[PDB]
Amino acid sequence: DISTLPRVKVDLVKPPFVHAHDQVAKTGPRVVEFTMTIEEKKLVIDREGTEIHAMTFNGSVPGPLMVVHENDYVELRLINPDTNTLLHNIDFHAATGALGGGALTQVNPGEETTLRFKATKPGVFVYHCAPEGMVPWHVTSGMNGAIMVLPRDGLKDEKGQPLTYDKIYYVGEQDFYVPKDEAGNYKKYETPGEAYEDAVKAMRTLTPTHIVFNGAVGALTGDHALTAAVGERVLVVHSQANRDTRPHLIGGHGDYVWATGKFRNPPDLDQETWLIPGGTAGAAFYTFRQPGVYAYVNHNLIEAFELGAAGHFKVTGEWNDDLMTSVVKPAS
């Protein structure tokens, strides 16, 4: 009887940060209660000032990472305030039935709903809006995130030994399709209905105009670079709700990678780059061995360095000259 289970309310945080949780479950199964408020908002996505009408869960692109354990129940209160204009819903790839919840969560502006589902499979999973007839438009306007369902005994390596992370980050990668005129400049629009056919035309090109981490070019850089220390074990969850990506840590590796995100499978070891298919979340575990700046990229390097799919880690600590050294510095 679900009513006899503990309830715990989670307060979500903005990506790339992740709400506090325990890797190894410290309680039995629980109903884990989340609330998200949909926000349609203008977002500047590049250094040129290109502004789009984003559709968000909780104000961010991506939406926040939710974290539960296997066989917990996820109870989500989804709020669509009357300041929004569109119908929205939510589909969890972690859930079973009713189009992942989408069939049960259609909320007009001024409405809310509560969905409960049992998290029966461990892994990282995409969630996204998916209103009938409008699915890719909502998803490619930012309106996707991820949920991590941890095994109750935490992560394990390929031999069944524990893998415990010290830090976790969530990198949502977003493909945008900003409509272009025949000279190639972006268009804007006066209403969502007036934008819709050219959004469809732009999407049909299958060529994103921007591919960004955490909602904008450069979002994971400078003061907002990811951080770690030498010797820290870091889990990076990476999702892409619509298009393949190939993450790579420049100067590092994925020591243990679940490229398609499902923890019942043994991880792939020692990866340089891995393929996360569109519509999937993946997770990579790495122990830093060197300080300095790293770039975390989609290793289509055009996508990374021209379209925006690049962020930075700043890592503190001691340099290891055994691992790498300049024997002769550049010189004439």
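If you superpose the two forms and keep the largest set of C-alpha atoms that fall within 1.5 Å, you have the rigid core. Counting begins at 1, following the sequence as shown.
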(request) Once the rigid core is lined up, would you tell me whether 101-109 or 160-168 has the higher RMS CA deviation in 7 other deposited structures of this protein? (result) 101-109
(request) Would you mind working out which of 207-215 and 177-185 sits farther from this form in 7 other deposited structures of this protein by RMS C-alpha distance, with the rigid core as the fit? (result) 177-185
(request) Select between 249-257 and 154-162 the stretch whose C-alpha atoms have the higher average B-factor in the entry. (result) 154-162
(request) Between 214-222 and 177-185, point out the one with the higher average CA B-factor as the PDB entry records it. (result) 177-185
(request) Please work out which residue in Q271, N300, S60, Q290 has the highest C-alpha B-factor recorded for this crystal structure. (result) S60
(message) Test of reading the entry: by CA B factor among the chain's modelled residues, which third contains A54?
(response) highest
(message) Ranking every modelled residue in this chain by its Cα temperature factor as given in the entry, which third contains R30?
(response) middle
(message) When the deposited Cα B-factors of this chain's modelled residues are ordered and cut into thirds, is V135 in the lowest, the middle or the highest one?
(response) middle
(request) Place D72 in the lowest, middle or highest third of its chain's C-alpha B-factors, as listed in the PDB entry. (result) lowest
(message) How does the C-alpha B factor of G172 compare with the rest of the chain: lowest, middle or highest third?
(response) lowest
